[PDB]
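Inside the fold
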Amino acid sequence: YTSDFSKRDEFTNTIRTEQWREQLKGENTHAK
Amino acid sequence: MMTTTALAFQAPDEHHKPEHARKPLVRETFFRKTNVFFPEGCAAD
Amino acid sequence: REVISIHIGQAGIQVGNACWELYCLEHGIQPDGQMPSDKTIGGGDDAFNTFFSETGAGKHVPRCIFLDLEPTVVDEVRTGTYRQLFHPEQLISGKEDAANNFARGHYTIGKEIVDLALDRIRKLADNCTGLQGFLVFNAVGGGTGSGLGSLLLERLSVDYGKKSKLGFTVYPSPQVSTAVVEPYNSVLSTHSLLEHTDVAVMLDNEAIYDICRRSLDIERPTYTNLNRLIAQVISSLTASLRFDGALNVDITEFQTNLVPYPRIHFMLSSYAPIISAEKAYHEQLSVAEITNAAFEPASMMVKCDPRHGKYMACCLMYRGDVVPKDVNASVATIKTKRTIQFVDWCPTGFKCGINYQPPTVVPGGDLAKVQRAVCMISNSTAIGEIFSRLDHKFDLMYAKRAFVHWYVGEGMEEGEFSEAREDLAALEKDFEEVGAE
Amino acid sequence: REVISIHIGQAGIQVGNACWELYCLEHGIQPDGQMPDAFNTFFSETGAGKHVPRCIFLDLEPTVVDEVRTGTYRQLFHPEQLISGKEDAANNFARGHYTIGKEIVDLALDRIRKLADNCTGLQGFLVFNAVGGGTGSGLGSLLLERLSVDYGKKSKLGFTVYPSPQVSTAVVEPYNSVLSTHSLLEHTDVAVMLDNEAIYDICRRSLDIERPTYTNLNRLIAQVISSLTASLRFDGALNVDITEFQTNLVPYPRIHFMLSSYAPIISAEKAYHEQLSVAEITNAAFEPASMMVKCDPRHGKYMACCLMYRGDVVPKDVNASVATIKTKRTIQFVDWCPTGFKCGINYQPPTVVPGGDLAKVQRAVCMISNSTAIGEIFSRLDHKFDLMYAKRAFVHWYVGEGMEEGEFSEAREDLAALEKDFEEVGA
Amino acid sequence: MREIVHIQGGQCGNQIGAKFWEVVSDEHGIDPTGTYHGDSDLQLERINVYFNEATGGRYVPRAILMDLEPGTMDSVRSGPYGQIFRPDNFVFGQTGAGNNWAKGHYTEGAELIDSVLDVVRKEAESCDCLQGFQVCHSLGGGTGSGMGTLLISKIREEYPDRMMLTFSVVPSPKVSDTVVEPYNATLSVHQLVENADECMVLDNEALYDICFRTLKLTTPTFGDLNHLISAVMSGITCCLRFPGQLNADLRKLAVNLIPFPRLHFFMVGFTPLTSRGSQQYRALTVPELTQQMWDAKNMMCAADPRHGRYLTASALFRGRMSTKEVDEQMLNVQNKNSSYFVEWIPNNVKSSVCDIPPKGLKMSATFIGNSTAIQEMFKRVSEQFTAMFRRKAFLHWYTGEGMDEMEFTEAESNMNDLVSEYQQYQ
Amino acid sequence: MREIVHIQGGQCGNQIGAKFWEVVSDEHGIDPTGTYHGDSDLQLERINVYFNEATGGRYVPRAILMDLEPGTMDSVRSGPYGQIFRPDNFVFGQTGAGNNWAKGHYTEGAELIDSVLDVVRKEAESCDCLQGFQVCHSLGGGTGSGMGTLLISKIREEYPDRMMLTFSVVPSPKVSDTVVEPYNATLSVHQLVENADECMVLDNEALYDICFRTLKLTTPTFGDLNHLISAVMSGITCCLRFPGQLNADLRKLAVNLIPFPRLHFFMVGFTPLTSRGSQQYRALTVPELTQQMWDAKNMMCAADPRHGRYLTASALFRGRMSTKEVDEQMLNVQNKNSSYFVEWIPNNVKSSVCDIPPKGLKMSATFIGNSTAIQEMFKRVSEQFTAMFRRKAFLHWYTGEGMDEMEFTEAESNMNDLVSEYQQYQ
Amino acid sequence: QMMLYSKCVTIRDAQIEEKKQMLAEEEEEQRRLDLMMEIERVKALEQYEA
Amino acid sequence: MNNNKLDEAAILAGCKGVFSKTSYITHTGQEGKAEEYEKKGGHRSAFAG
Ligand SMILES: Nc1nc2c(ncn2[C@@H]2O[C@H](COP(=O)(O)OP(=O)(O)OP(=O)(O)O)[C@@H](O)[C@H]2O)c(=O)[nH]1
Ligand SMILES: Nc1nc2c(ncn2[C@@H]2O[C@H](COP(=O)(O)OP(=O)(O)OP(=O)(O)O)[C@@H](O)[C@H]2O)c(=O)[nH]1
Ligand SMILES: Nc1nc2c(ncn2[C@@H]2O[C@H](COP(=O)(O)OP(=O)(O)O)[C@@H](O)[C@H]2O)c(=O)[nH]1
Ligand SMILES: Nc1nc2c(ncn2[C@@H]2O[C@H](COP(=O)(O)OP(=O)(O)O)[C@@H](O)[C@H]2O)c(=O)[nH]1
Ligand SMILES: [Mg+2]
Ligand SMILES: [Mg+2]
């Protein structure tokens with residue numbers, strides 16, 4: 001269904017993790 | 001909790017016998033339980 | 001006139017769970033097992049006798065044996081709403097499943113369960129008086145449904161033999177499947193179903209899905225509605241014995257009129273009119289339209305193309321408000337049509353029958369109440385086409401010897417695989433040979 | 001005696017929504033389907049207290065058909081008979097004839113046959129479509145082909161809506177018309193053309209309605225069809241069934257194209273002031289001011305004329321009027337046909353519809369003729385077809401569907417051959 | 001049934017779709033919390049064309065956002081009707097392109113086109129019958145042009161049978177935001193000519209002069225322009241969403257408007273657009289609509305149609321209108337101004353009517369005219385491209401990134417032969 | 001009737017089992033005090049599969065804990081649902097293994113395995129009809145892998161006719177907990193390919209990727225990962241405990257999934273795993289669950305199914321669902337992506353439906369896929385094994401205890417022929 | 001014949017009346033299930049906040 | 001099943017996807033040769049004479 005480069009090691013990177021944490025913060029705040 | 005087999009089959013709300021059911025006239029009238037001789041008058045003839 | 005019903009496997013006993021509900025509803029039996037009007041008090045009726053027998057006073061018990069190896073579905077039955085109706089002893093549950101393994105069902109657990117099964121059947125027959133025949137319910141894909149089912153059939157054949165054995169078996173659909181080894185199971189089951197069963201009726205899953213989808217217009221159908229419809233077709237089959245009709249047939253009639261050869265006994269069934277209540281008012285119901293519906297593959301129970309093959313002999317059971325005149329006219333129209341072709345060598349290809357009691361309706365069911373109904377049971381060569389299709393996917397997995405280690409670890413070998421393979425080859429030969437003019 | 005009606009296209013089912021509405025009020029049938037023998041020709045009585053029309057709507061877009069499903073006549077039509085595809089042909093003859101027809105016509109034919117099996121004394125079929133659209137042309141051709149190989153001998157009355165020359169709403173409709181007539185020529189038995197400009201002029205002038213919609217057009221066309229089939233539906237002084245127009249109006253196996261008209265198209269107030277008789281309406285049924293196809297019959301010569309009469313009509317004055325018409329020289333018939341009339345009388349007057357703009361009239365006339373003005377129309381269409389085709393416009397759509405240049409050329413030369421037939425017979 | 005999925009690219013595409021989805025939601029009566037509260041039962045019957053029921057009357061738009069800067073995400077979640085989107089569809093990078101077409105098509109593309117193709121594939125087979133796709137973007141930015149460009153290419157090579165709409169604003173020297181506008185535009189159109197099925201050319205300049213003269217607006221924010229483009233988009237998809245006396249779906253309008261495969265760039269007009277001061281002194285008739293429709297000052301591009309010829313035109317009307325008045329009005333406008341049309345195609349007007357007006361109006365209209373005046377705008381941009389390419393200015397930011405020169409020459413050739421055949425058919 | 005005994009080895013297996021028994025106790029409705037407090041009598045009918053009735057309607061779990069350091073036992077008894085075990089079942093050493101396979105398989109095994117064999121014996125003949133054994137452990141730790149492996153050996157030598165479930169995590173270079181991971185993994189699987197009947201391969205990083213993308217947890221501690229693994233284990237065994245429309249026991253799943261005696265390493269997955277912020281925006285249908293099932297990002301092993309072929313697969317559904325939807329859904333997935341499935345095995349999908357969904361959900365699904373893509377994982381650990389063996393690093397702590405070099409030669413040879421036959425059947 | 005027909009039609013009427021109520025109860029039960037799921041979502045949100 | 005499919009199988013139940021198409025008794029769709037709706041049938045000889 002989803003034709004991609006395998007990306008299960010995309011969140012071993014601290015930078016990516018903090019990026020996505022920012023995204024989650026934004027979603028939750030806007031939801032509030 | 002509700003199972004699909006249990007949910008699907010419930011006691012039928014109402015039941016009645018079929019309009020045409022085979023009736024055993026043979027067994028009912030031809031055979032009679034136990035009496036070699038009957039009282040002289042039982043049926044008006 | 002009596003007939004007994006045995007249900008083997010996961011599928012057969014659920015089908016029976018539908019069938020017996022339908023039967024109590026047809027004979028007015030409350031689920032606790034007694035009529036609302038007792039025998040002496042109500043008018044004498046013997047219609048119920050063929051299925052179940054009045055025990056003592058005010059209690060009726062079905063001539064059936066459910067048997068399986070997992071306890072789950074069977075004690076689900078034991079705790080369902082039909083606790084008082086079914087006989088406590090008749091329900092038989094093993095300890096662990098065959099688990100989709102023909103060998104495990106036919107050699108490991110059969111050797112201990114089938115003796116008990118044949119015991120109860122024996123005393124069931126002894127309680128019976130005018131036994132017509134047997135009827136068996138199973139799916140050939142499963143383990144219990146194939147292995148110990150066939151073993152039980154073999155032992156019944158050596159026990160009685162001369163009596164007819166109506167086997168309503170579920171074959172696997174071509175495209176739709178839920179198991180993996182079901183080609184192996186189907187082959188190993190049909191090897192014995194060829195030379196033991198007298199009259200074997202095929203009931204696929206895919207065709208019934210398409211039926212309830214198109215005609216019954218239900219979008220999300222489960223097994224419940226399928227088994228309801230199959231209960232309807234079985235009731236339509238046995239209504240000739242149950243209720244007096246204008247032109248009746250018995251169990252031994254399909255043995256003569258339908259089976260022209262000692263091994264060519266594989267019947268496609270169909271039912272009509274399969275119609276919802278909402279569209280009933282718009283539709284006008286006569287005999288001609290349902291006589292056509294009974295022949296269209298839009299209403300057959302096996303996914304196959306009857307137009308591709310040629311018919312051998314057909315049987316037309318009618319229930320309800322039907323006179324012989326218009327059905328004679330309709331069968332004349334069918335015989336004069338040319339989109340369907342009977343076999344050359346058979347001039348008369350019909351066995352009609354009429355019964356006065358119309359089909360019933362169940363609360364919560366999707367079928368509407370109609371005047372009349374048709375059950376068509378035919379014989380053709382599309383079944384041989386089906387067997388070729390099954391043999392294909394069989395040999396595809398057999399070439400790489402997949403899944404064989406489970407069987408040879410149970411104790412079977414390659415020899416029976418090979419001989420069943422060549423047996424089905426000869427069987428395909430037989431169907432084409434018969435098709436020949 | 002029964003005859004069934006199929007509707008194909010976005011216009012066909014709208015016409016049907018007017019026609020069957022007209023039929024129910026003519027037979028006193030409420031929209032729920034039951035009255036509070038004459039209906040037997042259109043409805044089959046399903047048991048008791050219910051009548052289903054012998055009809056099948058068929059379309060590829062679902063939005064208009066399930067408007068019918070949820071409209072007021074949900075209780076009237078059979079659920080299965082309304083048949084809807086999934087996506088539209090989108091004004092593409094190739095798409096409606098090869099891409100989607102291959103999938104929908106099998107279902108249509110097995111429905112129509114079991115309808116014919118339910119019928120007993122089938123007179124014929126009658127189809128409703130417009131040759132400008134994509135659905136009504138492509139699968140219409142495919143459907144008619146498969147009906148002709150199935151039955152062959154039975155009548156197939158085609159009431160087509162042809163595209164008017166100067167008023168029009170499509171673009172590729174010249175391609176659709178040419179590709180449709182190539183099969184409508186040799187498959188339809190009896191075909192009636194119906195433009196829109198002519199009905200616009202009628203409602204603008206006679207009905208004096210300045211803002212008409214499609215509803216009023218369909219109401220008038222339903223009135224014509226009902227007046228045409230009232231001979232089957234009711235007994236009259238002189239009955240004329242479907243098979244008569246087959247032999248009375250078609251002199252040659254390839255010239256079956258009829259022009260229609262109707263009179264008196266009369267508003268609610270003028271009729272009360274005016275006096276209705278037969279001589280004036282026989283006159284009124286011949287002027288181009290009351291025809292249903294924009295053309296000039298004075299430039300043409302009649303082949304044969306057919307005249308249905310409804311209401312309080314005696315054969316005396318209709319013979320007198322047709323005499324006056326035969327003696328007048330304002331209209332000329334063809335030389336090879338000396339007696340060119342086929343008339344018929346029925347007692348029941350044309351009814352009124354609530355929401356319609358016509359009042360009850362004592363008598364009415366429906367005329368169906370045949371002339372060479374239609375031969376001028378086909379030439380007028382083929383000119384503007386070849387005008388676009390000369391630059392290979394819009395061809396990439398059809399060939400991308402799977403067709404080629406061959407059927408384009410052969411349909412062009414077929415209309416050319418058809419043109420030569422009209423000028424030959426008219427000579 | 002028939003299905004249109006929505007795709008928004010770049011900041012302009014995001015805000016346009018924001019107003020667009022607000023309009024569609026208002027038409028179908030769904031609240032900003034996503035529940036139905038309308039009155040007409042006609043609205044329920046065609047919401048699958050743009051939505052999916054989630055759980056208990058919760059409808060989510062079938063839309064996918066795509067950008068490269070989170071500030072746009074803040075903006076779309078800020079306004080009302082911004083909470084109804086599925087957060088899984090907020091597929092989104094982190095770094096940013098920066099009006100660099102090479103960055104939108106070669107570097108960040110191959111890292112983001114990955115995921116967007118995945119969510120659009122999931123969203124495509126979620127529904128049953130795809131009618132076509134809808135993509136709204138610009139041609140000045142890099143996040144909009146290059147991303148959408150590669151997305152359109154991948155979509156076309158995957159699903160070639162379905163229709164495709166792309167609404168793209170084009171840059172003009174009068175309202176010229178960024179500097180590399182020709183460098184972006186020429187390459188993007190160089191891809192839309194072979195990939196996209198049809199494109200609706202828009203421009204901010206025409207939107208400005210429209211709200212200056214006709215609307216007499218004092219403060220033309222971006223909200224009102226986007227409000228106008230939303231009314232356009234709703235007008236064109238109204239045929240699917242509501243039944244009409246004469247219907248014309250997406251593919252029907254495409255085959256009616258496209259005579260040749262490469263001739264698929266259209267211009268738009270909308271009416272009634274009347275000032276609120278003069279909305280009391282106006283009439284409601286189809287000639288009242290037709291005069292404001294066919295006026296050259298109501299086209300939403302900077303291409304005067306009276307400087308060229310119409311090839312084909314289409315008009316989608318909404319409201320209870322008399323069809324006879326409709327076609328005679330079209331016939332009159334074809335008869336009187338007969339020079340402005342093409343000759344060898346008779347009846348160059350396709351018309352359709354839907355019986356449901358936009359909310360707040362009694363009778364509305366939408367004009368889509370494929371004329372040849374658009375070659376003026378393409379010359380308008382290609383001469384600036386040749387001016388920059390003669391000096392190779394700003395070129396190395398594309399060369400050193402992976403793009404080469406022959407791509408620029410191919411864009412030049414394709415633009416030049418495009419306007420050559422437009423001029424030929426003019 | 002049917003019986004599953006539970007064996008927990010090592011720290012990972014102990015804590016996973018702790019969460020597992022919390023989940024089961026919740027689904028059956030027994031409090032951490034050990035008393036029944038559910039409401040449905042459907043729970044009571046099949047708790048004999050996991051519990052022993054005790055005086056006062058208290059059901060103690062049929063479990064055996066096994067380790068070498070008491071801290072694990074304290075961590076088990078500290079948390080809730082910890083006071084319900086039997087202290088006689090806390091069979092337990094005193095010294096500690098310390099991530100040495102030889103210490104877990106030869107030194108401390110020699111004096112502890114007799115005791116655990118006695119207690120697993122007593123717990124086997126405490127019941128009537130065994131179904132199988134269920135062991136939770138790792139492949140890198142010392143007291144879990146080595147002792148668990150030797151335990152599996154003794155039990156398979158004892159009861160060769162019963163099923164066997166091993167929930168075993170595997171190491172990866174990116175999640176590198178200890179240093180001798182290949183040294184332990186190779187030998188453990190080298191013994192499991194002959195002893196165990198089927199093995200559920202798991203890994204940490206795929207669970208990490210799951211809780212981050214699909215669950216969108218910020219702080220994914222071990223509690224949630226062990227919660228996921230417990231969810232899979234409860235799902236795979238829900239068929240025995242609850243009635244269904246199509247039942248599939250442990251052996252039934254085994255013969256449907258294992259076409260060859262050595263090809264019994266499965267990847268698993270669970271649905272629905274949906275982020276709480278987006279749970280409101282989604283639907284609950286069989287197509288909804290299936291698209292999440294066959295997602296490549298939902299396998300709980302770092303083995304890309306797009307990089308290999310499926311030999312066979314199974315799907316265990318829970319809840320009131322339409323079986324037709326189940327069949328046609330699986331038929332689609334096989335028809336669309338026909339290239340990835342193996343060709344010489346038709347109908348590669350086994351499906352089953354149980355009527356009881358887990359608490360808190362409406363529909364659930366457990367996916368078990370036996371694909372050939374896991375050869376990439378085995379070569380991935382075998383390469384590290386060969387690299388370390390090339391210079392015998394960290395070997396002498398294994399040599400000096402009783403193990404020799406040919407054991408390593410046999411293990412790598414068995415690994416090599418395993419990946420060779422996987423490659424062959426691909 | 002006509003009597004048998006009329007009786008069957010009456011039974012049809014009763015059956016349709018039954019089916020409508022069946023549909024009603026099914027939709028009500030679905031509504032209840034969705035309410036339960038949303039309550040669970042609210043509780044999980046509260047946990048996260050804590 | 002027939003998610004995006006304009007085929008008869010998708011249209012068969014009214015725009016809902018059927019597992020597989022069935023040939024129709026009444027007419028042979030694909031073939032040019034089709035079933036004759038009205039076929040003259042010989043009546044009893046006694047009827048005419
Ligand atoms: N018609 C119908 N078929 C069913 C039903 N349940 C299962 N089946 C069919 O049964 C086949 C497999 O055999 P089952 O009866 O399910 O299992 P079994 O025969 O008991 O064999 P084991 O599972 O090994 O015990 C499947 O292919 C299903 O298609 C049902 O309720 N109705
Ligand atoms: N008389 C009359 N003609 C109509 C009506 N509606 C549409 N038409 C004619 O139909 C022609 C186009 O075909 P449509 O019916 O609109 O659509 P179609 O035939 O299904 O073909 P598609 O557009 O591809 O779906 C136009 O030229 C109209 O003149 C109507 O209500 N009354
Ligand atoms: N209608 C409209 N156009 C806009 C808006 N913002 C930017 N644009 C146009 O978009 C062009 C620049 O595109 P840009 O915003 O850089 O796209 P992006 O960088 O890919 O997001 C300019 O020519 C503007 O005219 C807006 O809010 N509304
Ligand atoms: N799921 C899960 N895995 C764990 C946990 N703790 C350790 N592990 C895994 O266990 C593996 C090491 O096994 P280990 O705990 O050392 O086994 P032992 O030393 O024999 O008890 C590592 O790869 C970890 O990923 C936990 O709390 N949860
Ligand atoms: Mg079973
Ligand atoms: Mg149309």
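Residues numbered from 1 in each chain as written, not as in the entry; some residues may be left out. Chains lettered and ligands numbered in written order. Part of a larger assembly, values for the part shown. Heavy atoms only, no water. Residues with missing side-chain atoms left out of burial classes, pairs and counts.

Listed as the method for this PDB entry is cryo-EM; the listed resolution is 3.4 Å.

1. As for the interface of chain C and chain D
Taken together, the contact pairs 7 residues of chain C with 14 residues of chain D. Linking chain C with chain D are 0 salt bridges, by the criterion used here. Between chain C and chain D we count 3 residue pairs in polar contact in total. In the side of chain C that touches chain D, the residues fall into 1 nonpolar, 3 polar and 3 charged. (Contact = heavy atoms within 4.5 Å. Salt bridge = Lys/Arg side-chain N within 4 Å of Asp/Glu carboxyl O. Polar contact = N/O pair within 3.5 Å; in protein donor to acceptor, adjacent residues only side chain to side chain. Nonpolar A, V, L, I, M, F, W, Y, C, P; charged D, E, K, R; others polar.)

2. What to know about the site of ligand 3
Residue and element names in this part refer to chain E. Around ligand 3, 14 residues are found, and the nearest of them are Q11, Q15, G144, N204 and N226. Residue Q11 places a main-chain N or O atom 2.5 Å away from an oxygen atom belonging to ligand 3. Take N204: an N or O atom from its side chain is 2.4 Å from an oxygen atom of ligand 3. Here ligand 3, which alone exposes 570 Å², has 91% of that area covered by the protein. Counting only elements with at least two residues in the shell around ligand 3, the list comes to α1 (10-27), α5 (142-158) and α8 (222-236). Tallying contributions element by element places α1 first for the shell around ligand 3, with 4 residues. Of the residues that constitute the shell around ligand 3, the class distribution is 2 nonpolar, 11 polar and 1 charged. (Near = heavy atom within 4 Å. Areas by Shrake-Rupley, 256 points an atom, 1.4 Å probe, with all protein chains shown as cover. Helix = DSSP H or I, 4+ residues; strand = E, 2+ residues; numbered from the N terminus.)

3. Comments concerning the UniProt feature "active site" in chain C
Residues and elements named next belong to chain C. The sites that carry the UniProt feature "active site" are, in the present numbering, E253. Structurally, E253 is set in helix α9 (residues 251-257). Side-chain polar atoms of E253 contact the side chain of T252, separated by 2.7 Å. (UniProt positions renumbered as here; feature names shortened; annotations may be inferred.)

4. Examining the side chain of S371 of chain E
Within the secondary structure, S371 of chain E sits in strand β11 (residues 364-371). A distance of 2.7 Å separates the side chain of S371 of chain E from the backbone oxygen of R309 of chain E, its partner in a polar contact.

5. Let's talk about the UniProt feature "binding site: GTP" in chain C
Within this structure's numbering, the places UniProt gives as "binding site: GTP" are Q10, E70, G143, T144, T178, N205 and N227 of chain C. These annotated residues cover 218 residues of sequence, and their C-alpha atoms sit far apart, with the largest distance between any two at 22.8 Å. Summarising the element assignment, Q10 of chain C is placed in helix α1 (residues 9-27). Leave out the neighbours within four places in its chain, and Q10 of chain C touches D68, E70, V73 and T144 of chain C together with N247 of chain F. Tracing the chain through its elements places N205 of chain C in the loop between β8 (199-202) and α7 (206-214). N205 of chain C gets classed as partly exposed once you look at its relative accessible area, which sits at 25%. If near-sequence neighbours (up to four positions away) are discounted, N205 of chain C is found in contact with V170, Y171 and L226 of chain C. (Buried < 20%, exposed > 50% of the residue type's maximum accessible area, 1.4 Å probe, protein only.)

6. Concerning the UniProt feature "binding site: Mg(2+)" in chain E
Residues and elements named next belong to chain E. According to UniProt, the positions carrying the feature "binding site: Mg(2+)" are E69. Look at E69 and you get partly exposed, because its relative accessible area is 34%. Those residues in contact with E69, other than ones at most four positions away along the chain, are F92, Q94, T95, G96 and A97.

7. Considerations on the packing of aromatic side chains
Under the counting rule described, the total for this entry stands at 96 aromatic pairs over all chains. Taking the centre distance of 4.6 Å and the plane angle of 55° together, the rings of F125 of chain D and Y151 of chain D count as tilted. On the criterion of sequence distance, the pair formed by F125 of chain D in strand β6 (residues 122-130) and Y151 of chain D in the loop between α5 (135-150) and β7 (155-161) is long-range, its members being 26 residues apart. There is no split in this pair, since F125 of chain D and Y151 of chain D are both buried. Centroid distance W21 of chain F to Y50 of chain F: 6.0 Å. Interplanar angle 80°. Geometry classified as edge-to-face. Of the two residues, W21 of chain F is situated in helix α1 (residues 10-28) and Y50 of chain F in the loop between α1 and β2 (51-54); the sequence distance between them amounts to 29 residues. Here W21 of chain F and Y50 of chain F have matching classes, each one buried. Among the aromatic side chains, those forming a connected cluster through ring pairs are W20, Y23, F51, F66, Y82 and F86 of chain C. Residue placement shows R58 of chain E over the ring face of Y281 of chain F; its charged tip is 4.8 Å from the ring centre. (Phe/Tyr/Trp six-rings, centres within 6.5 Å; stacked < 30°, edge-to-face > 60°. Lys NZ or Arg CZ within 6 Å of the ring centre and 35° of its normal.)

8. Details of the packing of helix α7 (residues 204-213) of chain F against helix α8 (residues 222-236) of chain F
Residues and elements named next belong to chain F. One way to put it is that α7 packs onto α8 with a least axis distance of 10 Å and a crossing angle of 100°. Judged by the angle between their axes, α7 and α8 are roughly perpendicular. Each of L207, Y208, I210 and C211 in α7 lies in contact with α8, whose residues at this interface are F222, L225, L228 and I229. Within the contact of α7 with α8, the residues separate by chemical class into 8 nonpolar, no polar and no charged. (Axes fitted to C-alpha atoms, helices over the stretch in contact; angles between N-to-C directions. Parallel < 35°, antiparallel > 145°, perpendicular 65-115°, else oblique.)

9. Side note on the interface of chain F and chain C
Listed by partner, the interface residues are 39 residues for chain F and 38 residues for chain C. Interface area, chain F with chain C, both sides summed: about 3,700 Å², of which 57% is carbon and sulfur. For the chain F face of the interface with chain C, the top three residues by lost area are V255, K324 and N347 of chain F, together amounting to 16%. Here chain F is connected to chain C by 2 salt bridges. Remark: the boundary between chain F and chain C carries 10 residue pairs in polar contact. (Buried area = accessible area lost by both parts, 1.4 Å probe.)

10. Let's talk about the sheet that holds strand β7 (residues 198-203) of chain F
Residues and elements named next belong to chain F. The strand order across the open sheet formed by 10 strands is β4-β1-β5-β6-β7-β9-β12-β10-β11-β8, and the pairing between neighbours is mixed. Unpaired on one side and paired on the other, β4 (63-66) and β8 (244-246) mark the two borders of the sheet. Within this sheet the neighbouring strands show an average axis-to-axis angle of 20°, counted without direction. Direction of pairing for β7 relative to strand β9 (residues 265-271): parallel, over a ladder of 2 bridges. By the bridge assignment for β9, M200 is matched with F266. With respect to the sheet, helix α12 (residues 323-336) is in contact with β8, β10 (310-318) and β11 (349-354), its orientation differing from that of β11 by roughly 155°. (Pairing = 2+ DSSP bridges.)

11. Let's talk about the sheet that holds strand β11 (residues 341-346) of chain D
One key point about sheets: their strands pair by backbone hydrogen bonds, in either a parallel or an antiparallel sense. Residue and element names in this part refer to chain D. In spatial order, the strands read β9-β12-β10-β11; together these 4 strands make up an open sheet with mixed pairing. The open sheet has two edge strands, β9 (259-263) and β11, and neither has a second partner. This sheet shows a mean twist of 15° between the axes of neighbouring strands, independent of strand direction. Here 5 bridges tie β9 to strand β12 (residues 363-370), and the two strands are oriented antiparallel to one another. Across the sheet, residue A263 finds its bridge partner in β12, namely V365. Its contacts with the sheet put helix α12 (residues 315-327) on β10 (304-311) and β11, and the angle it makes with β11 is roughly 155°.

12. With respect to the UniProt feature "binding site: GTP" in chain E
All names here are of chain E. Within the UniProt annotation, "binding site: GTP" is assigned to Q11, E69, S138, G142, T143, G144, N204 and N226. Along the chain, the position of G142 falls in helix α5. Since its relative accessible area comes to 0%, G142 is described here as buried. Once residues lying within four places of it in the same chain are set aside, the contact partners of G142 are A97, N99, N100, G104 and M147. With respect to the element layout, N226 can be found in helix α8.

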